[PDB]
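To start, the structure itself, in structure tokens.
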Amino acid sequence: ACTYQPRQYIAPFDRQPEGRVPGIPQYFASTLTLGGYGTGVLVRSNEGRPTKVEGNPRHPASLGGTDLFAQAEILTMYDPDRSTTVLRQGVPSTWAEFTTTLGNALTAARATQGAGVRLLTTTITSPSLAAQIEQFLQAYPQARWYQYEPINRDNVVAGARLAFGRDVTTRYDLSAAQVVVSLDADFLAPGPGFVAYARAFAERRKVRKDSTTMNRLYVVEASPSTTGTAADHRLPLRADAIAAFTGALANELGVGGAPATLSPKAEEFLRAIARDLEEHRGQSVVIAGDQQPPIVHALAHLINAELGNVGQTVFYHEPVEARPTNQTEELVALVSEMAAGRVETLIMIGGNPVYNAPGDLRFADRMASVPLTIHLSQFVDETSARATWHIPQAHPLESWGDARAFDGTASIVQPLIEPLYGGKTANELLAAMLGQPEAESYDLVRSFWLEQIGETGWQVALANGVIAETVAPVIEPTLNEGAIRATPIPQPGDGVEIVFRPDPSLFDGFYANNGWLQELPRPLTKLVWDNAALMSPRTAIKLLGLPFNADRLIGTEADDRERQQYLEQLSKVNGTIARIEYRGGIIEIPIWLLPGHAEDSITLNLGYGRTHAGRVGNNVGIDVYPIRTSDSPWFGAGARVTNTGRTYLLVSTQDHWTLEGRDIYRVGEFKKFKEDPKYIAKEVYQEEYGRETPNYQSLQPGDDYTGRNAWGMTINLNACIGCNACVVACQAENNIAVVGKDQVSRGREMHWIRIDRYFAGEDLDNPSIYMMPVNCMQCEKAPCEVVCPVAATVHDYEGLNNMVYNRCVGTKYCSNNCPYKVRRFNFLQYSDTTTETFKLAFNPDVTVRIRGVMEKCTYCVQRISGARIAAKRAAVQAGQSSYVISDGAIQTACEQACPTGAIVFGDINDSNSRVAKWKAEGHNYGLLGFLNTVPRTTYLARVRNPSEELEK
Amino acid sequence: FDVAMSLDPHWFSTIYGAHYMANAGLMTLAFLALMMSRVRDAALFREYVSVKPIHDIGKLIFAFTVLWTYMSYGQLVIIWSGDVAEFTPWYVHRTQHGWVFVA
Amino acid sequence: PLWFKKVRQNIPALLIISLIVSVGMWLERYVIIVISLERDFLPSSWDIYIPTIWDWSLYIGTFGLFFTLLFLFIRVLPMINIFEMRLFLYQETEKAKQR
Ligand code: SF4
Ligand code: SF4
Ligand code: SF4
Ligand code: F3S
């Protein structure tokens, strides 16, 4: 009641760490794996605790950039639902008891040759684990490995075996690819080598005044994605007709294939693809998606070889996946051995087989046949609950290990903290099965990596983020024409198809407990906390019997606003439950309207419906894995939609999918941009004012900002792909709270940056998608500052917009005057207070907001203050009184996360800075300029490079 | 709106016109006070007009003066604080090339 | 209907018109604030406003506090100014004296 503040005790160390300065965060080089392939990350430890993850500039596949999963691994480690103890049968047990039971069980196996012993891991690329598994197989000859995961690359290795007769790894160097063609290949999505491909593609799309060339992207996909956004031409073909499309493409170029009866639009698309190809030989690449059948991969290799792209844009290396194999076939063989009762012991290392296996395999029922089941899941997953001897697994941020990225690099997974709840790694278990219990994970990876690179090599590897000796050698395989020519090449049919796609934020369902990813609005859909059956408007009209024409969305420029109003009226059918019958299964999942979807195709997103997940996501979405089948894991044949009425509430962060004829998004052509980079701005202003220049006049003086630092930001629309990595980075850096689905339904999501798609163009059933990131524009004449009565929002000496939490009384007037609506309010108590692990995840340099205050983008002021203090201290310690900040000294979290490099931050006044050079371009513009706000965050208009045969 | 505001079709004000009525009311009130002082001895005022009507008209002139100032300041502060570029050129020209001294 | 004289002299018509005017004034404040705030410059920042039960409860509650204070005023203090009324009576008597 008195004394203003309590006692606040302070507990220091008893022995100081040798290399740590208290109050100074440090950085460590580790590796994060997505689908078994590694990604070098630079992770920040504040006082021995991981808090932020950023890119490792020294590591390929992460040249200073990360994906949303690498950013969200921070909160995934701090989940309060992670496993803490060993469970024999749900009973808390010990590690020594499990070791004795494993040794006794393996003694019985020693009487045989391990015939009953079976393994079950995911896509393994770690050399240490692969060497220990091989040693265990030499000790037990009749044992089998059997690796499987729901998001695998079985079609890639199958196509490589069909074409070259051996296992090869295909790498794409997009930096020298003027024409790129994607056959249902979502290479701009989180996958193998996603950051490197997205960076090279973006740097080829960043056009300037002196620029002279620009690459072109062709994509053919069933459901639109991030790759289709950055495409100059997009063809919404069905998922089954893409194999026949590839055959027709190979046939048109004069190479062995098969002609196919296709639509006139697909015929004109084949024409243009073939014409732009053959004119860019060695400057082109054809990419086949992992979802497409093996024949599509083989035909793509053949097309690339004939065009001369091999050795220039397509490179072949030795396999980097340890054992490359058809994982679904090995899973069928394992469940067959389980049904026959041959297996006696089944050891699983992650992957959640009970939830991830296809529905027609009945993994849970056959799992009872094997008496001893053992699992390491890092959570109490569904499989561990139905298994004996559950062993908690150590998080990648608290364990020793290694991994291999695409093209092979063999980076080290360096821990940052002792395991919180204990928990062993995979190689520790493999050493336990090798008669070596109580083996330290440090000594295991250190013993394997020694005697190969040396002690000085291990020290250099820990210092940097890579190992310089390990890289996949370049090989030259031979192509088999007869095998790839004599292939059935399946044709579409059987009616409405189902396309199984990984969820953009949840992947295989591992991150269903992560609040940051579950709340992240999905790209192109903007849904949160839920799962839906995505279908085009025409498909929903025809199949669910909805009373709309779907032809009124077609029109010209004269009736564009009327078509947008009809699309608004049509969006009212979102939420209708549909009883999809695929192959003996009814799913009963609500529907959602995605305009770009191909007709007669429904996209179902994986990773929902879990029952033994954490408190977050414990019962979200409808499980699609039961209807998933082993014969076709990505495509479907025939389905029965069966509309049931019985609406379900779906929640979206935008609720309006069309810009109502305003100057929000600017698009141009490269041929006209070359002659004059300012032509887009000269347009609009003529149609709005009759002149080529808007003579905006203001009544306020503002401030000068001449000899001082002026912080500014530039967003390049030609590089944004909607990967939503900047949003998770902003959440992880600025302690942004996580509200429930109920609070998002009422429009109370808290996000300092948001990406908006606007589905614009003719037809509105085949629309171009425009993604645009929006944060605080930092208006020099900010209207949000002239309305807050307590002066809680003012302006900074450097032109920044100061939003002070402890002064806001919460009038909510600062938001109504914000033209861009980039201010979020704590209507209730949103920040977590009780959970200790979430309190450990908070960034100590940012205050955690309480109920009744406002938030908005602060240009990551903690990093600006740190660099300014460091610059002043370096200036006075040398006796200069200069105080000068380098260009790359400050990097906001959204700038570092972006794998494409679309966000550039720096000093406006320093003319040699990258931002000053970018803002001087002809296509640099600021949103809502008619309001004299003078924003410091500007946009670079999107420039397109379309073909003349398709446009004319 | 038609005679005066249409001179610059790029600008419009909703309070305008009501400002004209208060302006015309102040002008005709001062005109009435002048003409009353002129004809104060017409043998009709002398027998039927006292100081009460003169005091009431003086109070009306005072009330219409503060009313006109209130309308003009209201229009100014609305356009000034909300720095929208479609309404700023009006007060730009009236504050430029010496016109500020008139204001 | 207030333009006419018979309606202006009718008591029930005045009560109904006053009630309708009060409802229309609340609707006008709603149109000015909520409708204008729902759809702004950026179409992506568009949403709908649906009031809950608690702000309604505050509304009826404010009516009750208003009427509680009025009932206490009419119970303790005189609701018509007395000395002004007797002065008005004296003024009307003087006016009738001067015809
Ligand atoms: S700006 Fe954000 S959404 Fe766009 S590409 Fe960069 S990280 Fe992804
Ligand atoms: S974008 Fe909004 S919050 Fe940011 S400075 Fe401008 S008005 Fe203020
Ligand atoms: S600059 Fe910082 S606060 Fe602003 S959007 Fe980017 S990460 Fe968030
Ligand atoms: S009005 Fe001001 S008091 Fe807070 S809610 Fe906005 S900064």
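Ligands are numbered from 1 in the order shown, chains are lettered A, B, ... in the order of the structure tokens, and residues start at 1 in each chain.
Taking only C-alpha atoms and all ligand atoms into account, ligand 2 has within 6 Å the residues residues 776, 777, 778, 779, 782, 783, 784, 801, 818, 819, 820, 822 and 823 of chain A.
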Output N, CA, C and O atoms for every residue in that selection, as a compact mmCIF listing (two decimals), in the first residue's frame.
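So the final result, stored in again.txt, reads:
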# COMPACT_ATOMS: atom_id res chain seq x y z
N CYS A 776 3.86 0.83 -39.03
CA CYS A 776 3.80 2.26 -38.77
C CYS A 776 4.61 3.01 -39.82
O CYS A 776 5.81 2.77 -39.97
N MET A 777 3.95 3.91 -40.55
CA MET A 777 4.64 4.68 -41.58
C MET A 777 5.58 5.73 -41.00
O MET A 777 6.41 6.25 -41.75
N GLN A 778 5.47 6.03 -39.71
CA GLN A 778 6.30 7.04 -39.05
C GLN A 778 6.18 8.39 -39.76
O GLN A 778 7.15 8.95 -40.28
N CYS A 779 4.95 8.90 -39.77
CA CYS A 779 4.65 10.14 -40.48
C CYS A 779 5.34 11.32 -39.81
O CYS A 779 5.21 11.52 -38.60
N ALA A 782 2.66 13.38 -38.03
CA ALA A 782 1.82 12.26 -37.62
C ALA A 782 0.50 12.75 -37.04
O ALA A 782 0.50 13.44 -36.01
N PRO A 783 -0.64 12.40 -37.64
CA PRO A 783 -1.93 12.82 -37.08
C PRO A 783 -2.29 12.13 -35.77
O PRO A 783 -3.19 12.61 -35.07
N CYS A 784 -1.62 11.04 -35.42
CA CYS A 784 -1.89 10.35 -34.16
C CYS A 784 -1.29 11.08 -32.96
O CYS A 784 -1.61 10.71 -31.82
N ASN A 801 8.53 8.10 -34.36
CA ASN A 801 7.27 8.35 -33.67
C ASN A 801 7.30 7.62 -32.33
O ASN A 801 7.18 6.39 -32.28
N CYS A 818 -5.45 7.59 -37.00
CA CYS A 818 -4.40 6.96 -37.78
C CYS A 818 -4.97 6.51 -39.12
O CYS A 818 -5.86 5.64 -39.15
N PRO A 819 -4.51 7.06 -40.25
CA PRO A 819 -5.13 6.71 -41.54
C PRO A 819 -4.92 5.26 -41.94
O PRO A 819 -5.76 4.70 -42.65
N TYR A 820 -3.82 4.65 -41.50
CA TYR A 820 -3.48 3.29 -41.89
C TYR A 820 -3.93 2.25 -40.88
O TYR A 820 -3.85 1.05 -41.17
N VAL A 822 -2.71 1.22 -37.84
CA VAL A 822 -1.57 0.38 -37.49
C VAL A 822 -1.33 0.37 -35.99
O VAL A 822 -0.26 -0.03 -35.54
N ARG A 823 -2.31 0.79 -35.20
CA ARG A 823 -2.19 0.87 -33.75
C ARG A 823 -3.12 -0.15 -33.11
O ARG A 823 -4.30 -0.23 -33.47
Checklist line | Nearby residues (only C-alpha atoms) at most 9 Å from segment 349-353 of chain A, same-chain spacing under 2 positions excluded, as a list in words | finding: residues 119, 120, 121, 122, 148, 149, 150, 347, 355, 356, 357, 363, 364, 374, 375, 376, 377, 378, 381, 382, 383, 384, 393, 426 and 510 of chain A
Segment 530-536 of chain A environment, 6 Å, only C-alpha atoms, sequence neighbours closer than 4 positions dropped, as a short mmCIF file (atom, residue, chain, number, x, y, z; two decimals) with C-alpha atoms, in the first residue's frame:
data_model
loop_
_atom_site.label_atom_id
_atom_site.label_comp_id
_atom_site.auth_asym_id
_atom_site.auth_seq_id
_atom_site.Cartn_x
_atom_site.Cartn_y
_atom_site.Cartn_z
CA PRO A 590 -16.18 -25.79 -43.15
CA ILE A 591 -15.51 -24.20 -46.52
CA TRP A 592 -13.64 -21.04 -47.48
CA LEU A 593 -13.54 -19.10 -50.74
CA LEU A 594 -10.13 -18.76 -52.42
CA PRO A 595 -10.59 -17.09 -55.83
CA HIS A 597 -8.28 -22.00 -56.92
CA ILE A 602 -10.72 -28.55 -53.07
CA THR A 603 -7.60 -27.87 -50.99
CA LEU A 604 -7.43 -29.34 -47.49
CA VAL A 620 -8.50 -26.75 -33.46
CA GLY A 621 -9.34 -27.62 -37.05
#
Pick out the residues no farther than 9 Å from ligand 4, counting only C-alpha atoms and all ligand atoms, and list them as an mmCIF file with N, CA, C and O atoms, in the first residue's frame.
data_model
loop_
_atom_site.group_PDB
_atom_site.id
_atom_site.type_symbol
_atom_site.label_atom_id
_atom_site.label_comp_id
_atom_site.auth_asym_id
_atom_site.auth_seq_id
_atom_site.Cartn_x
_atom_site.Cartn_y
_atom_site.Cartn_z
ATOM 1 N N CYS A 784 -1.617 11.036 -35.416
ATOM 2 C CA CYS A 784 -1.885 10.354 -34.156
ATOM 3 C C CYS A 784 -1.292 11.077 -32.955
ATOM 4 O O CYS A 784 -1.607 10.711 -31.816
ATOM 5 N N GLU A 785 -0.444 12.081 -33.178
ATOM 6 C CA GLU A 785 0.201 12.806 -32.094
ATOM 7 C C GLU A 785 -0.552 14.065 -31.696
ATOM 8 O O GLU A 785 -0.388 14.535 -30.565
ATOM 9 N N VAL A 787 -3.660 14.353 -31.282
ATOM 10 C CA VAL A 787 -4.953 14.004 -30.707
ATOM 11 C C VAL A 787 -4.846 13.380 -29.324
ATOM 12 O O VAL A 787 -5.871 13.260 -28.634
ATOM 13 N N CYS A 788 -3.681 12.913 -28.876
ATOM 14 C CA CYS A 788 -3.578 12.253 -27.586
ATOM 15 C C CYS A 788 -3.416 13.313 -26.497
ATOM 16 O O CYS A 788 -2.385 14.013 -26.472
ATOM 17 N N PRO A 789 -4.374 13.456 -25.582
ATOM 18 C CA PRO A 789 -4.348 14.592 -24.663
ATOM 19 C C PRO A 789 -3.238 14.537 -23.652
ATOM 20 O O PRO A 789 -2.925 15.588 -23.089
ATOM 21 N N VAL A 790 -2.641 13.374 -23.390
ATOM 22 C CA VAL A 790 -1.604 13.259 -22.371
ATOM 23 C C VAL A 790 -0.206 13.236 -22.977
ATOM 24 O O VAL A 790 0.760 12.904 -22.281
ATOM 25 N N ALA A 791 -0.076 13.574 -24.261
ATOM 26 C CA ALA A 791 1.218 13.657 -24.938
ATOM 27 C C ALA A 791 1.986 12.341 -24.870
ATOM 28 O O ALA A 791 3.218 12.332 -24.828
ATOM 29 N N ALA A 792 1.265 11.220 -24.852
ATOM 30 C CA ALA A 792 1.913 9.915 -24.808
ATOM 31 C C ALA A 792 2.510 9.513 -26.148
ATOM 32 O O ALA A 792 3.380 8.637 -26.186
ATOM 33 N N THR A 793 2.061 10.125 -27.242
ATOM 34 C CA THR A 793 2.591 9.866 -28.576
ATOM 35 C C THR A 793 3.144 11.172 -29.130
ATOM 36 O O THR A 793 2.377 12.070 -29.495
ATOM 37 N N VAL A 794 4.469 11.279 -29.184
ATOM 38 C CA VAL A 794 5.128 12.478 -29.690
ATOM 39 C C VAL A 794 6.100 12.076 -30.788
ATOM 40 O O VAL A 794 6.122 10.917 -31.216
ATOM 41 N N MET A 803 5.950 6.195 -29.056
ATOM 42 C CA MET A 803 4.729 5.746 -28.392
ATOM 43 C C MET A 803 5.112 5.222 -27.011
ATOM 44 O O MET A 803 5.735 4.160 -26.893
ATOM 45 N N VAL A 804 4.735 5.961 -25.973
ATOM 46 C CA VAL A 804 5.169 5.690 -24.608
ATOM 47 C C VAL A 804 4.021 5.019 -23.868
ATOM 48 O O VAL A 804 2.948 5.611 -23.703
ATOM 49 N N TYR A 805 4.256 3.789 -23.404
ATOM 50 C CA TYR A 805 3.177 2.991 -22.831
ATOM 51 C C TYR A 805 2.738 3.525 -21.473
ATOM 52 O O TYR A 805 1.537 3.590 -21.187
ATOM 53 N N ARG A 807 2.517 6.344 -20.301
ATOM 54 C CA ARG A 807 1.726 7.606 -20.314
ATOM 55 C C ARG A 807 0.334 7.379 -20.919
ATOM 56 O O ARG A 807 -0.565 8.155 -20.584
ATOM 57 N N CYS A 808 0.143 6.365 -21.767
ATOM 58 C CA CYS A 808 -1.190 6.226 -22.417
ATOM 59 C C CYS A 808 -2.257 6.001 -21.350
ATOM 60 O O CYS A 808 -2.061 5.137 -20.484
ATOM 61 N N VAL A 809 -3.326 6.786 -21.409
ATOM 62 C CA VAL A 809 -4.455 6.604 -20.468
ATOM 63 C C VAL A 809 -5.432 5.702 -21.206
ATOM 64 O O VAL A 809 -6.269 5.088 -20.542
ATOM 65 N N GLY A 810 -5.290 5.615 -22.529
ATOM 66 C CA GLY A 810 -6.135 4.733 -23.301
ATOM 67 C C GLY A 810 -7.361 5.366 -23.919
ATOM 68 O O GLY A 810 -8.399 4.700 -24.003
ATOM 69 N N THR A 811 -7.283 6.628 -24.350
ATOM 70 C CA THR A 811 -8.442 7.287 -24.941
ATOM 71 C C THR A 811 -8.873 6.653 -26.257
ATOM 72 O O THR A 811 -9.984 6.931 -26.720
ATOM 73 N N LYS A 812 -8.024 5.829 -26.871
ATOM 74 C CA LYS A 812 -8.288 5.176 -28.151
ATOM 75 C C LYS A 812 -8.569 6.172 -29.274
ATOM 76 O O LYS A 812 -9.039 5.779 -30.348
ATOM 77 N N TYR A 813 -8.204 7.435 -29.072
ATOM 78 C CA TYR A 813 -8.372 8.480 -30.117
ATOM 79 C C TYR A 813 -7.145 8.443 -31.034
ATOM 80 O O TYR A 813 -7.245 8.844 -32.198
ATOM 81 N N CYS A 814 -6.014 7.969 -30.518
ATOM 82 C CA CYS A 814 -4.757 7.935 -31.309
ATOM 83 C C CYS A 814 -4.889 6.950 -32.469
ATOM 84 O O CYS A 814 -4.071 7.029 -33.394
ATOM 85 N N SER A 815 -5.912 6.106 -32.454
ATOM 86 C CA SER A 815 -6.066 5.037 -33.441
ATOM 87 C C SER A 815 -7.071 5.517 -34.483
ATOM 88 O O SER A 815 -6.895 5.275 -35.684
ATOM 89 N N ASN A 816 -8.121 6.216 -34.039
ATOM 90 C CA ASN A 816 -9.142 6.698 -34.963
ATOM 91 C C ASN A 816 -8.582 7.733 -35.931
ATOM 92 O O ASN A 816 -9.069 7.844 -37.061
ATOM 93 N N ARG A 823 -2.313 0.792 -35.200
ATOM 94 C CA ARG A 823 -2.192 0.870 -33.751
ATOM 95 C C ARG A 823 -3.119 -0.153 -33.115
ATOM 96 O O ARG A 823 -4.301 -0.229 -33.465
ATOM 97 N N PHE A 825 -4.632 -1.971 -29.473
ATOM 98 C CA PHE A 825 -4.966 -1.612 -28.102
ATOM 99 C C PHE A 825 -5.172 -2.860 -27.257
ATOM 100 O O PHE A 825 -5.750 -3.849 -27.718
ATOM 101 N N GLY A 852 -4.922 -1.639 -21.197
ATOM 102 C CA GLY A 852 -5.302 -0.246 -21.301
ATOM 103 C C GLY A 852 -4.335 0.664 -22.023
ATOM 104 O O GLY A 852 -4.488 1.888 -21.935
ATOM 105 N N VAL A 853 -3.351 0.118 -22.735
ATOM 106 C CA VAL A 853 -2.360 0.919 -23.438
ATOM 107 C C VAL A 853 -2.370 0.544 -24.919
ATOM 108 O O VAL A 853 -2.977 -0.444 -25.332
ATOM 109 N N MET A 854 -1.678 1.356 -25.713
ATOM 110 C CA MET A 854 -1.616 1.206 -27.158
ATOM 111 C C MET A 854 -0.233 0.734 -27.591
ATOM 112 O O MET A 854 0.769 0.981 -26.913
ATOM 113 N N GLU A 855 -0.191 0.042 -28.728
ATOM 114 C CA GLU A 855 1.051 -0.448 -29.305
ATOM 115 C C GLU A 855 1.069 -0.141 -30.795
ATOM 116 O O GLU A 855 0.024 0.019 -31.429
#
Margin query: Residues contacting ligand 3 - anything with an atom at most 8 Å away, using only C-alpha atoms and all ligand atoms - can you give me those as a ChimeraX atom specification?
Written below: /A:726-727,729-731,733-734,752-753,774-776,856-861,892-895
Would you save the residues of that selection, restricted to C-alpha atoms, as a short mmCIF file (atom, residue, chain, number, x, y, z; two decimals), in the first residue's frame?
data_model
loop_
_atom_site.label_atom_id
_atom_site.label_comp_id
_atom_site.auth_asym_id
_atom_site.auth_seq_id
_atom_site.Cartn_x
_atom_site.Cartn_y
_atom_site.Cartn_z
CA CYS A 726 8.49 -10.54 -40.63
CA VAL A 727 5.35 -10.90 -38.49
CA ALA A 729 10.06 -11.84 -36.05
CA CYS A 730 8.23 -8.73 -34.84
CA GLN A 731 6.26 -10.84 -32.36
CA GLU A 733 11.35 -9.31 -30.79
CA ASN A 734 8.73 -6.95 -29.33
CA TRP A 752 2.63 -4.36 -35.42
CA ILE A 753 3.03 -5.49 -39.06
CA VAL A 774 1.97 -2.48 -43.59
CA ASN A 775 3.44 -1.19 -40.33
CA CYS A 776 3.80 2.26 -38.77
CA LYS A 856 2.48 0.13 -32.78
CA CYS A 857 5.65 -0.36 -34.82
CA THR A 858 8.65 1.36 -33.23
CA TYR A 859 11.33 0.64 -35.88
CA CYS A 860 12.72 -1.73 -33.22
CA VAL A 861 13.80 1.20 -31.08
CA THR A 892 15.15 -4.28 -37.63
CA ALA A 893 13.74 -7.73 -36.93
CA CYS A 894 11.49 -7.66 -40.00
CA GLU A 895 14.52 -6.70 -42.10
#
Item checked: Surroundings of ligand 1 up to 10 Å, based on only C-alpha atoms and all ligand atoms, as a ChimeraX atom specification -> /A:65-68,188-189,198-199,202,226,523,715-729,753-756,771-774,893-904
Next, the residues of the selection above should be written as a short mmCIF file (atom, residue, chain, number, x, y, z; two decimals), in the first residue's frame with N, CA and C atoms.
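Here's the written file part-v6.cif:
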data_model
loop_
_atom_site.label_atom_id
_atom_site.label_comp_id
_atom_site.auth_asym_id
_atom_site.auth_seq_id
_atom_site.Cartn_x
_atom_site.Cartn_y
_atom_site.Cartn_z
N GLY A 65 18.80 -14.72 -43.43
CA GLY A 65 17.35 -14.80 -43.45
C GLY A 65 16.88 -16.09 -42.82
N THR A 66 15.64 -16.05 -42.33
CA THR A 66 15.01 -17.20 -41.68
C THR A 66 13.58 -17.35 -42.17
N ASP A 67 13.01 -18.53 -41.92
CA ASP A 67 11.60 -18.78 -42.16
C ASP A 67 10.83 -18.65 -40.86
N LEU A 68 9.50 -18.67 -40.98
CA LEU A 68 8.64 -18.45 -39.82
C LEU A 68 8.84 -19.52 -38.75
N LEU A 188 9.01 -21.04 -53.44
CA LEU A 188 9.06 -19.83 -52.62
C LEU A 188 8.33 -20.01 -51.30
N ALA A 189 8.19 -21.24 -50.83
CA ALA A 189 7.59 -21.59 -49.55
C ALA A 189 8.63 -22.28 -48.68
N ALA A 198 14.67 -17.95 -52.62
CA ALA A 198 13.90 -16.71 -52.53
C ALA A 198 14.81 -15.49 -52.63
N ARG A 199 16.01 -15.57 -52.04
CA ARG A 199 16.94 -14.45 -52.11
C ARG A 199 17.42 -14.23 -53.54
N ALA A 202 14.62 -12.83 -55.69
CA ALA A 202 14.30 -11.44 -55.39
C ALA A 202 15.37 -10.50 -55.94
N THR A 226 2.33 -18.74 -52.27
CA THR A 226 3.23 -17.59 -52.28
C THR A 226 3.98 -17.49 -53.61
N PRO A 523 -1.39 -16.89 -45.33
CA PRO A 523 -1.35 -16.10 -46.57
C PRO A 523 -2.50 -16.46 -47.49
N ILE A 715 9.95 -0.67 -48.57
CA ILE A 715 9.41 -2.00 -48.83
C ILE A 715 9.28 -2.18 -50.33
N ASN A 716 9.99 -3.17 -50.87
CA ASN A 716 9.97 -3.46 -52.31
C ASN A 716 8.89 -4.49 -52.58
N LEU A 717 7.85 -4.07 -53.32
CA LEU A 717 6.75 -4.97 -53.63
C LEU A 717 7.14 -6.07 -54.61
N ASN A 718 8.18 -5.85 -55.41
CA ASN A 718 8.64 -6.88 -56.34
C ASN A 718 9.32 -8.04 -55.63
N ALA A 719 9.65 -7.91 -54.34
CA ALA A 719 10.33 -8.96 -53.60
C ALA A 719 9.46 -9.61 -52.53
N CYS A 720 8.35 -8.99 -52.15
CA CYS A 720 7.51 -9.57 -51.11
C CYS A 720 6.73 -10.76 -51.65
N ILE A 721 6.77 -11.87 -50.92
CA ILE A 721 6.09 -13.09 -51.30
C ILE A 721 5.07 -13.54 -50.26
N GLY A 722 4.91 -12.80 -49.17
CA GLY A 722 3.92 -13.16 -48.16
C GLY A 722 4.30 -14.33 -47.28
N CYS A 723 5.59 -14.55 -47.06
CA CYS A 723 6.03 -15.67 -46.24
C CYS A 723 5.70 -15.49 -44.76
N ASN A 724 5.29 -14.28 -44.35
CA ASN A 724 4.89 -13.99 -42.98
C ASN A 724 6.03 -14.23 -41.98
N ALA A 725 7.27 -14.11 -42.44
CA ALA A 725 8.41 -14.24 -41.53
C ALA A 725 8.64 -12.96 -40.74
N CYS A 726 8.32 -11.80 -41.33
CA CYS A 726 8.49 -10.54 -40.63
C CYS A 726 7.52 -10.39 -39.46
N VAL A 727 6.33 -11.00 -39.57
CA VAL A 727 5.35 -10.90 -38.49
C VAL A 727 5.80 -11.69 -37.27
N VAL A 728 6.31 -12.91 -37.49
CA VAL A 728 6.76 -13.72 -36.36
C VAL A 728 8.03 -13.14 -35.76
N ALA A 729 8.88 -12.51 -36.58
CA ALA A 729 10.06 -11.84 -36.05
C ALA A 729 9.68 -10.64 -35.19
N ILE A 753 2.88 -5.44 -37.61
CA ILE A 753 3.03 -5.49 -39.06
C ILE A 753 2.03 -6.50 -39.60
N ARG A 754 1.46 -6.20 -40.77
CA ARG A 754 0.46 -7.05 -41.39
C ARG A 754 0.64 -7.05 -42.90
N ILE A 755 0.37 -8.20 -43.52
CA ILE A 755 0.43 -8.35 -44.97
C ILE A 755 -1.00 -8.45 -45.50
N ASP A 756 -1.30 -7.66 -46.52
CA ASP A 756 -2.65 -7.57 -47.08
C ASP A 756 -2.64 -8.08 -48.51
N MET A 771 0.24 -8.86 -52.47
CA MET A 771 0.61 -8.84 -51.06
C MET A 771 1.39 -7.58 -50.74
N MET A 772 1.02 -6.92 -49.64
CA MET A 772 1.62 -5.65 -49.23
C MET A 772 1.80 -5.60 -47.72
N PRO A 773 3.03 -5.45 -47.24
CA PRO A 773 3.24 -5.31 -45.79
C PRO A 773 2.97 -3.89 -45.33
N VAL A 774 2.34 -3.77 -44.16
CA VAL A 774 1.97 -2.48 -43.59
C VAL A 774 2.37 -2.46 -42.12
N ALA A 893 14.02 -6.30 -36.92
CA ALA A 893 13.74 -7.73 -36.93
C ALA A 893 13.06 -8.16 -38.22
N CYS A 894 12.15 -7.33 -38.74
CA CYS A 894 11.49 -7.66 -40.00
C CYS A 894 12.46 -7.58 -41.17
N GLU A 895 13.52 -6.77 -41.05
CA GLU A 895 14.52 -6.70 -42.10
C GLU A 895 15.39 -7.95 -42.12
N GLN A 896 15.78 -8.45 -40.94
CA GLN A 896 16.64 -9.62 -40.88
C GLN A 896 15.88 -10.90 -41.22
N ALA A 897 14.59 -10.97 -40.89
CA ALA A 897 13.84 -12.19 -41.12
C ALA A 897 13.58 -12.43 -42.60
N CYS A 898 13.25 -11.36 -43.34
CA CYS A 898 12.86 -11.45 -44.75
C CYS A 898 13.91 -12.17 -45.58
N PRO A 899 13.61 -13.36 -46.10
CA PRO A 899 14.59 -14.06 -46.94
C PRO A 899 14.77 -13.43 -48.31
N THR A 900 13.82 -12.63 -48.77
CA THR A 900 13.93 -11.97 -50.06
C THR A 900 14.63 -10.62 -49.98
N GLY A 901 14.73 -10.03 -48.79
CA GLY A 901 15.35 -8.72 -48.65
C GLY A 901 14.47 -7.59 -49.15
N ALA A 902 13.16 -7.69 -48.93
CA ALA A 902 12.24 -6.65 -49.38
C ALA A 902 12.23 -5.44 -48.46
N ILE A 903 12.68 -5.59 -47.22
CA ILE A 903 12.66 -4.52 -46.23
C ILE A 903 14.07 -3.97 -46.08
N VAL A 904 14.22 -2.66 -46.24
CA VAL A 904 15.50 -1.98 -46.12
C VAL A 904 15.33 -0.81 -45.15
#
Next item on the list: For chain A, report every residue with an atom at most 9 Å from chain C (counting only C-alpha atoms), formatted as a list in words.
Entry: residues 653, 654, 655, 656, 657, 658, 659, 660, 662, 664, 746, 747, 756, 757, 758, 816, 819, 820, 821, 822 and 928 of chain A
